[PDB]
Structure formats: structure tokens, C-alpha cells
RNA sequence: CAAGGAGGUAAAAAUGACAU
RNA sequence: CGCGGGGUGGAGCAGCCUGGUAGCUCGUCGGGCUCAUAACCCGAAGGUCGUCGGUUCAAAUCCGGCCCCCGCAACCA
RNA sequence: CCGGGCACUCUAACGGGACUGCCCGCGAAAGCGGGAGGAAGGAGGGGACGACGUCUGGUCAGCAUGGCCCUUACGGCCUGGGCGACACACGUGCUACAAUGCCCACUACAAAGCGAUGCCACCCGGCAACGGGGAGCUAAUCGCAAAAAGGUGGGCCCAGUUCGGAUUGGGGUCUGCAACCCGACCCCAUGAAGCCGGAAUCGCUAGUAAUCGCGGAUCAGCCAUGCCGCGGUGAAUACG
Ligand SMILES: [Mg+2]
Ligand SMILES: [Mg+2]
Ligand SMILES: [Mg+2]
Ligand SMILES: [Mg+2]
Ligand SMILES: [Mg+2]
Ligand SMILES: [Mg+2]
Ligand SMILES: [Mg+2]
Ligand SMILES: [Mg+2]
Ligand SMILES: [Mg+2]
Ligand SMILES: [Mg+2]
Ligand SMILES: [Mg+2]
Ligand SMILES: [Mg+2]
Ligand SMILES: [Mg+2]
Ligand SMILES: [Mg+2]
Ligand SMILES: [Zn+2]
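Residue numbers (the working numbering), protein chains in the order written: chain A, 252 to 369; chain B, 622 to 712; chain C, 1086 to 1240; chain D, 97 to 156; chain E, 1432 to 1637; chain F, 4 to 28.
Here is the structure:
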């Protein structure tokens, strides 16, 4: 069911199916279905349409999620555009933000190795 | 022209005149050698008898070695009128 | 230089069976030193044997080992920078070890989901002479078969 | 910087976190045991001397 | 080479301590520093006595200090000085019961610290070291010893080349625990550097 | 998941406690 | 029982370093 | 200056004729092996196809103009 | 827990206990093989212990020290920066790629050590880190700690997935004068690479390898996945 921006997860437990949304994770998941009052271990296969409506209405509202909060997150990094701080430059150069070790490692932001040789 | 240092003491003696990285009695010695390696336009100029010049062998191939005093050497790579990796080391 | 001929290690007999063999098999099942999980899996699979066949697992397991026994194996030896492969006989100690090892390995090679059903099935297949371990056994005997040429180098 | 540096180690004023341990027999700042007030080097010396009450070789 | 200090190697069985007091934390550190400063202050103005040991015992403000010496010539009869303010100058940073005793080490030729110290004096007298070693060993061996061994290392007789002079008569088993082996050491200060003298003295045990 | 800060197992490994591993009872 | 006199002989594997 | 052939990674060579894929050995760069160097093993990168135009949907390739390189020819007086 | 008792367990202090002494066989002897003998054996299992010497090994940055040099400075104080930099290369590791596995709940079983300028029971606020209280403990008394792998129950169902946790946004806490450069945790959201590793290369022969957690030093805090220890479960194989 097209809950937020997504619909994908069929026969696979609503507490888990919920996770498949940028903004839900695991904590907001069971938090949303206990506050909406729905059984977590259900089929996800389009069960009681009412439960699905209530779920959708609560989840999609309340807190920001999916493409909207991706925009906000990207905009929070755009904050350090202008004449920003040190943390912005780390987002500029493509290097780790939290001042860690970059002599080795840091491949998750630098990307795969390039090898200079000399 | 000297272009890069590997030894910090050597680096400081030639750049700032900081002598506290080398032996005190080898200050003048090391200086005249470095200036010679700086002025040298080819390895053939670093050939005075008092230098005992020679290229190194094995893994140190591509390097050269003039003699300061006793068992002490200034090693470097000379290429296209310039020396690189100026080191001060045991024989 | 093996001054001592390294005496054969002896085991503790299991529960309910008294085997001088089953525990050796449970040991191969054992990973990270968890004999509890290891023994459980085997006895679990023993319960599984009872279902698909009306046979006592003490024979099903016994015969399976007997069918996955290498009569002769290939041995790489001397002269020519160790160039030859003399087909040697296999000691009862080594047939023992290879049988159980190949069983467990082939068992975890199977596409099944639970460790017990893999063990049970691989044992039933091996008892018949069908298991992937039996493949391994028959394969090792092919190698030993093709090298009868310089077998007379022996030793 | 060694003599004026074993001065500060006992001087200990100005912010409580700027104060640090320091071997007394030597002037070592590293591996200084709080129990003896000595570096691992000095401690070994005196332990072999016998000048360390109760301190004895460990074999087990 | 690499060999463990034959004193520390015993400590428990054979060869007892040299500073025998008990304390828990918050006290050990302070009392050990004071203890060591006593050893440091004594060694200075008491070297002419040549002290084999400096035993120390405590019992809450009691601080007993036993100074072993070959010849206690620097004590000189009660109020003849060399003890009065001398054993009283300790309590200028202590203020506790400065009970200073003096022992008479009978044979100095059987006291390892004294042997090595006599040798180290001779190095600074510009003596021939190899001959000095030989004599000192025999001198120790002459006074009833079961085994002896003296070692001077480095810069022997000046001359640019660190050497190591070696001599040892009788029996010196360092590996054995029931050993009763006395170990001494001394720094010889020379106008050309510093060299160390080891001295091993051995007697029976069981 | 010895390195995940959202498990009783990762909280053990890290040492610290929390929501995913309460200080007993 | 204890050996002398006879004959087939390893491979594919090179180099050397920085004052006496 | 008269004919014929040729310019393609750092080196030497294919691929052109039957337009749409540029491939080979060496070298270079990374990693192994060894105390170390060579040899050896694993793994990479690297080419405006001489140049200026033309044809074509598309040019290393087909057509012209120059520019070098190599080879033949230059005889009868 | 009390009365009372201390024979069991434990605590730590000295002792007893095998020396192939006893039997068979081999041998000239040393010794070897085998057997009842007992908890134990033919150095029982581990430590501490490292010959003469070798490497012009290491170490003047722990310390001592010869010689050279520096002295309105090569010394001294301070604030700030830096040792944490990153196109890359190597070592030692930690965490994984999952179902003999992961998550949640319940429920057991250790040793060795550390603490009243601290360890902090039990309550109270808090999703939690943690904060307020506040008892006991100069500690085989009180506290750090519930050991964890295990067991029971339940849920995922093999798909980069409830595997995996990197990276990044946001919100907090604690130490600290202060954590931007550079601290550790906590909570929400992101959820990357990895589906088991080329040429090569390492460790271990019995409580061992493998796997699991615990303690301590340094320490205001901590970049510790390190080092030094503790015990839990516990293989495989050795022809040669
Ligand atoms: Mg950094
Ligand atoms: Mg310190
Ligand atoms: Mg050659
Ligand atoms: Mg290469
Ligand atoms: Mg090579
Ligand atoms: Mg004519
Ligand atoms: Mg003609
Ligand atoms: Mg011994
Ligand atoms: Mg040297
Ligand atoms: Mg010094
Ligand atoms: Mg560093
Ligand atoms: Mg992928
Ligand atoms: Mg998979
Ligand atoms: Mg071994
Ligand atoms: Zn010190």
C-alpha cells in the first residue's frame, strides 16, 4: 500500500515493512503502530483497509520523511555553503566530517583507491 | 639546485642556517658540500677527490654518495641538474 | 623429526549410544568449541532418520561411514622436485578421519536450510551410496586408480 | 626542556587538569605508577636493589 | 649477555630486603621518597666510611637506620662529633625518630659493594686495571671466599675503544637459588668518561 | 552485531548500557 | 656370517652493497 | 625534382584492401618472492592513428592537398 | 537469617607425596619397553632462571657520563596551532559477509583483581546516556558485576535482506577553565562497502587451537578494537 512515497513491501510484517521508508527506521516503526493501535506481526498484504488508512494518515503526517526530509538534510549541508565553517569544507573536499584519521581508511567518503605511485 | 630534503638537520642548515642538526665541527664541511650539490649542473661536477663520489647499489640504486667525514655520507638522487632527497646517514 | 610416533588420541563415548565413533563425528560438527550445539544437531538428525526411514540411526550412520571410506589414496612423493604421485593404501585411522570429515563438509554443502536435515539426508544418501561425500570418496579413488603406473615406487 | 619541566610537574597550579604525574627518581613523564611515584624504569632498578619493601619477583 | 640482578633474583629466599617497612597506599609513595632521600643524603657525607648497606626499618614515626661500614672510623666517640648533628640533620625534612645505628662489617674483602668501590677508586687513581682486577679477586679469595668475580667494562685505561676486563676464581654459580652471592657495583668517574665495576662474592648455602 | 550500538550484544562489547541494554531489572 | 675391488650421481636457479 | 611503399600508446610491429571491434611483444605503474638486486609470479594504466581539407548517418580505414621517412629510376647522345 | 557447631567447602602456613624405588623382559653398564602401585608418574603440566661470546645491534629522548657546540640565546614563560594533516603504499588488528545465524524476553554456572581526595547498594526523574537523593564499605563484611558463549520461549526464512554496521543529518549527556581543529557515550533518522577474499602469507600438538565474556595498570576524561592477566565451553591431526 502506497503509504508515504513508497508501496513496495508486501507479505512481510508491518513493523518491518515500515522500515522500508527513509524516515522510519526501527524505533519510529513500532512507535507508529502502537500509537495507531495495529498488530505489528500482521501480513502487510493489504489487510484491513481501515488500519492501513489510519497508519498512512498518522505516519505520512506527524514527522517529516521520504523525499521531503532528504531535501531538508541536503539543505542542512547547504547551510555550510555560503562562507561556512570547517565542517562545510569537509563536505566540500569530500573528506570525513568528524575529524578522524584520513592517512589511511576514510574510503567510505573518499571512495575507492586511486594509487599515485612514486 | 637542491630541491628536496630527507634529513631535517641538513634541511635547516642550508635553508635557515640552523646548525643545531649537524655536528658542530662539520658545519663548514657540510656547507661547502651542499653548495656544491646546489651549484652542480651535472653529477660530473660533484667529482672532486675530497668527496669520494659513487652511486649506491642494490635497493639504493639511483642514489649517490659524497663523503663528509669518517663514516658519514650525504646521499641523494641527482637528475637533470638537480639533487633530491638529501640525506645525512651512516656509511 | 617425529622421534615419538605420536600415540592415537582416545575419546569419551557418547550418551545413549556408546559408539567410539559418533563422538568423533559430533566433534567435526562442533565449531568454536560448542559441543552442546554439535551433539544436539546430530541427535536431532537421528530423530530425522526415524521419519524418512524406519531404520535405527546407529546403523544408518555406521553404514554411511563405511561407504565413504577411501580404500586407496594418491600420495605425492620423491625424485624430480616431488613430481610423482604414488597411489598409497589408506590406514584404518585415516579412512576413519576422512569419512567423518567428508560427511560433515558435504553435509554443509547441501542446499537445505537446517543443519540437522543436512546431516540426516547426507547420511541417508551415503548409506545408500549416493551422497556428495561418496562422490568425494569415489573421486579420490579415481586419482589413485589413474596412477598405477609408478605405483611400484610404493614405499 | 627538562629541568624547567620537572619544575612544573611539582608546581601544579592553574587549572586542575594541567597537573600531571612525573617520576621522582628520574624526570620521566610516561609510564609513571601512582603507587610508587616512579617510572617503570626506576621501579625495576630499585626492585632489583631490594630497596622496595615487599616488592618481589613474580613467578607462577 | 643479559643476566638478572643476582640480588633481586633472591630477595625472598636468600638475601633479605634493605628497606623493611609496611604501609598501604597514600603513604607508600611519600615514605619511599623520604627513604630514598635518606639513602641519598647518607651516601654523600659517609662515603669515606665506605658503607656496604643502608638498612631501614619503620614503625609509625620510628625510622630506624642501620649503616654497615668496614671501618666506622667516622663516628669518633660520642661527643667527638661525626654523629651528633650528623644523625640529627636527617630530621630537617623528616622530624621523626632518627635512630641511626652503625655496624662493623668485619671483613671488607668479603663485602661486594666494598670490593667494587675499592676497584673503582683504583681506576680513578689511574691504576693498571687488569692487574687491579686480578689482585682484588685474589684478595677476596685470600679472605676465605668460596668464589669471586670482578668485571670492569668500557674505555679501559682511556684509549678510544670500549673494552671489558674479566677475572674470576673459584666458584660463582649465578643460576642457583641457594647461593648467598653478594653483588656490588660502582661508578668510576674519569677525565675520559665513566666505567662500571661489578663484583660478585660467593659463599656456600644449602 | 558486536559493533552495532543498538543491541544488547553491541552494548556489551562497547561496555556501556542504555535503552537497548538496561542496567538489569 | 663380515666387504674389498667395480658404475650409474644433484638441479634450472645469476649477482653483491657502499670509511681500512 | 620522375615512379613505388610508409607515418598508429615510450620502443618495435599488426589492424586499412571487405568503413561501425584499435590488438601483440617489450617497457612503464602497483603488489608479491629474497637480507637485497636481477630473474620470476599477480594486477593495472597507457594511443590527437603525421597533418590540412573532402565524401559519409559514421573515417585509423575511402578521396584530395601539402609535411617528413625509406626504396627504385635518371638511358641514346 | 538466628541458636549453636566448624566435620565438609574454602582461606593461607608449614608439611607429607616417587626417587622408574616394586614386577616381567632387554643390556656390560647407563637406559629403554611393558605391568598392577596410586591423584600423580621414567624431567606430571606450566613459570622464574638465558653459558663463553656474536651482531662497531639497540639505547646520549629515562637516567649517568667523555668530547663538541649554544648562552639577552639552541635557555625561560605564556596564548594559539601542530603531533590527529591525506592522491597514495605496507604492518599489526577489530567488525562482518550470516540460519551449527540474527533480534527480543526469561533464566542459570566463573575466576582473577580494584575501590572510603573512591567503589557507589536501594529508591526517585528520565525512552536512554545520566541527574537528584542516599545506605553500607578503612573492605574473604559493603560496592564494582548481571559474567558471556549456554538453556527455555518466541519472532525473522535466506533475499544485501530483522545479515552487515560504515558514512552523514538532527537532538542530547558527562568529564573538563575549555572538547572547532581533536573526547567517550546516549537517542531518533540514515543505512555504505562487503555474498568469504589474486600472487602470496601466519598461528597453534591437550585445556592446547578455536570461541566467550571478566578484571587491572595508565587514567579528570579518552580515541583501548592495544597491552598485561582471569576463567567459561572445548576440537582436528601427526604415516612419516
Ligand atoms: Mg584527523
Ligand atoms: Mg604520567
Ligand atoms: Mg653484473
Ligand atoms: Mg613492479
Ligand atoms: Mg626483483
Ligand atoms: Mg648511340
Ligand atoms: Mg640502349
Ligand atoms: Mg636451570
Ligand atoms: Mg651502530
Ligand atoms: Mg644526556
Ligand atoms: Mg603519533
Ligand atoms: Mg554491492
Ligand atoms: Mg546470501
Ligand atoms: Mg610444541
Ligand atoms: Zn624515572
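All C-beta atoms, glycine included, are put in the ideal place defined by N, C-alpha and C.
{"Asked": "Residue 1507 (chain E) touches chain D at which residues, Cβ-Cβ below 9 angstroms?", "Found": "Here the premise fails: no neighbours, minimum Cβ distance about 29 angstroms."}
{"Asked": "Identify, in the order they occur along the chain, each residue of the same chain with its Cβ nearer than 7 angstroms to the Cβ of residue 302 (chain A), setting aside the five sequence neighbours on each side.", "Found": "289"}
{"Asked": "Does residue 1478 (chain E) get closer than 8 angstroms to chain D when you measure Cβ to Cβ?", "Found": "no"}
{"Asked": "Among E:1618, E:1476, E:1442, which one has its Cα closest to the Cα of residue 1626 (chain E)?", "Found": "E:1618"}
{"Asked": "What residue ranges within the region 126-153 of chain D form continuous alpha helix (DSSP H) runs of no fewer than 4 residues, ordered along the chain?", "Found": "136-145"}
{"Asked": "Can you find the residues in the same chain that come closer than 7 angstroms, C-beta to C-beta, to residue 115 (chain D), ignoring five residues on each side of it along the sequence?", "Found": "108"}
{"Asked": "Might you give, ordered along the chain, the residues of its own chain that have their beta carbon closer than 8 angstroms to the beta carbon of residue 1609 (chain E), omitting 5 neighbours on each side?", "Found": "1444, 1445, 1636, 1637"}
{"Asked": "Quick one, are the C-beta atoms of residue 1126 (chain C) and residue 1201 (chain C) less than 8 angstroms apart?", "Found": "yes"}
{"Asked": "With 8 angstroms set as the bound, which would you pick, yes or no: does the beta-carbon of residue 1450 (chain E) sit closer than that to a beta-carbon of chain D?", "Found": "yes"}
{"Asked": "Which residue or residues does DSSP assign as beta-bridge partners of residue 626 (chain B)?", "Found": "B:707"}
{"Asked": "Grab me the residues of residue 1143 (chain C)'s own chain with a C-beta within less than 7 angstroms of its C-beta, minus the 5 sequence neighbours each way, in chain order.", "Found": "1102"}
{"Asked": "If we cut at 8 angstroms on Cβ distances, does residue 146 (chain D) have a partner in chain E?", "Found": "yes"}
{"Asked": "Over what stretch of residues does the beta strand (DSSP E) that includes residue 1620 (chain E) continue unbroken?", "Found": "1612-1621"}
{"Asked": "State yes or no: is the C-beta of residue 352 (chain A) nearer than 7 angstroms to some heavy atom of ligand 1?", "Found": "yes"}
{"Asked": "Can you check the region 259-294 of chain A for any alpha helix (DSSP H) of at least 4 residues that lies completely inside it and give the ranges in chain order?", "Found": "265-268, 278-286"}
{"Asked": "Mind checking who residue 1157 (chain C) pairs with in its DSSP beta bridge?", "Found": "C:1174"}
{"Asked": "Please check the pair residue 273 (chain A) and residue 317 (chain A), which I expect to be a contact at CB under 8 angstroms, by giving their CB distance rounded to whole angstroms.", "Found": "5 angstroms"}
{"Asked": "For the alpha helix (DSSP H) that contains residue 1206 (chain C), what are its first and last residues?", "Found": "1200-1213"}
{"Asked": "What residues match up with residue 1218 (chain C) in a beta bridge as DSSP calls it?", "Found": "Answer by DSSP bridge pairing: none, since residue 1218 (chain C) is not bridged."}
{"Asked": "Expressed to the nearest angstrom, what Euclidean distance is found between the alpha-carbon atoms of residue 1613 (chain E) and residue 1598 (chain E)?", "Found": "16 angstroms"}
{"Asked": "Let me know the secondary structure DSSP gives residue 1111 (chain C) once reduced to three states.", "Found": "helix"}
{"Asked": "Quick check: what's the CA-CA separation for residue 1212 (chain C) versus residue 1175 (chain C)?", "Found": "21 angstroms"}
{"Asked": "Residue 1572 (chain E) and residue 1563 (chain E) - do their beta-carbons sit closer together than 8 angstroms?", "Found": "no"}
{"Asked": "Beta-carbon within less than 6 angstroms of residue 151 (chain D)'s beta-carbon, same chain only, minus the 5 sequence neighbours each way: which residues are those?", "Found": "143"}
{"Asked": "According to DSSP, simplified to helix, strand and coil, what is residue 685 (chain B)?", "Found": "strand"}
{"Asked": "What are the residues in the region 129-140 of chain D lying within 7 angstroms of chain E by C-beta distance?", "Found": "131, 132, 133"}
{"Asked": "Between which residues of its own chain and residue 1114 (chain C) is the CB-CB distance below 7 angstroms, once the five residues before and five after are set aside?", "Found": "1123, 1126, 1127, 1189"}
{"Asked": "Specify, as a first and last residue, the run of the beta strand (DSSP E) that residue 1558 (chain E) falls within.", "Found": "No beta strand (DSSP E) holds residue 1558 (chain E); DSSP gives it neither H nor E."}
{"Asked": "Beta-carbon of residue 112 (chain D) versus every beta-carbon of chain E: anything under 8 angstroms?", "Found": "no"}
{"Asked": "Determine whether the Cβ of residue 143 (chain D) lies closer than 8 angstroms to any Cβ atom of chain E.", "Found": "yes"}
{"Asked": "Please classify residue 712 (chain B) as buried or exposed, where buried requires at least 16 neighbouring CB atoms within 10 angstroms.", "Found": "exposed"}
{"Asked": "Could you tell me how far apart the beta carbons of residue 695 (chain B) and residue 654 (chain B) are, in whole angstroms, since I believe they sit closer than 8 angstroms?", "Found": "6 angstroms"}
{"Asked": "Check the Cβ-Cβ distances between residue 1580 (chain E) and every residue of chain D, and say whether any is below 8 angstroms.", "Found": "no"}
{"Asked": "Mind pulling the chain D residues with CB within less than 8 angstroms of residue 1481 (chain E)?", "Found": "Ordered by position in chain D, no residue passes the 8 angstroms Cβ test against residue 1481 (chain E), which lies about 18 angstroms from the chain."}
{"Asked": "Which residue comes first and which comes last in the alpha helix (DSSP H) that contains residue 309 (chain A)?", "Found": "300-311"}
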